[PDB]
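Reading through the structure tokens given below for one structure.
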Ligand SMILES: CNC(=O)c1cccnc1
């Protein structure tokens with residue numbers, strides 16, 4: 344069903360998260376973590392304190408798809424177990440901010456062709472697939488985008504709801 348999913352997304356904030364490669368999304372899916380540049384780290388930390396759920400919607404550049412979505416479970420922190428991200432050419436690990444813990448809500452993909460009817464008011468009402476890394480997606484567009492993903496029957500949102 345979709346009811347617990349709608350409950351998790353109620354009054355959420357949503358952010359488009361870009362990855363240069365599939366490897367980093369695979370790491371994020373396996374380890375429940377993400378790390379971004381300080382400019383976006385600061386925005387996500389502010390958002391985490393502001394809303395009952397903050398949703399990251401992931402897209403690998405040039406893939407033509409979203410690879411899933413997850414909810415922040417923490418503000419960023421430093422000093423944890425290192426993560427061997429594959430970073431863009433010319434980027435060292437020290438250029439990243441801290442590490443956010445995330446709980447995956449859907450690990451299934453969604454092709455951009457399926458979201459062509461959704462526009463993001465916070466990016467000039469351009470199609471929601473369009474945006475820089477860290478672009479916020481307004482509530483209604485973000486909710487509808489998440490509801491387009493195929494249901495992920497491997498995930499139980501009971502555990503997510505309790506963290507809220
Ligand atoms: C795992 N994180 C990354 O790959 C990245 C790279 C540049 C900017 N933001 C995030």
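In the deposited numbering, the protein residues as written are 344 to 507. Virtual Cβ for every residue (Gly too), placed ideally from N, Cα, C.
Proximity to residue 313 [Cα-Cα], best of 460, 359, 506, 363: Only positions 344 to 507 of the chain appear in this structure, which leaves residue 313 out of reach.
Going straight from the alpha carbon of residue 511 to that of residue 457, what length do you get? With the chain covering 344 to 507 only, the question about residue 511 has no answer from this structure.
Own chain, CB closer than 7 angstroms to residue 466, minus 5 neighbours either side, in chain order: 473, 474, 478
Return the first residue and the last residue of the beta strand (DSSP E) that residue 344 is part of. Careful: residue 344 lies outside any beta strand (DSSP E) and carries neither H nor E.
Considering residue 356, what are the terminal residues of the beta strand (DSSP E) in which it resides? 356–362
CA-to-CA distance, residue 401 to residue 387, given in whole angstroms: 14 angstroms
Does any heavy atom of ligand 1 sit closer than 7 angstroms to the C-beta of residue 430? yes
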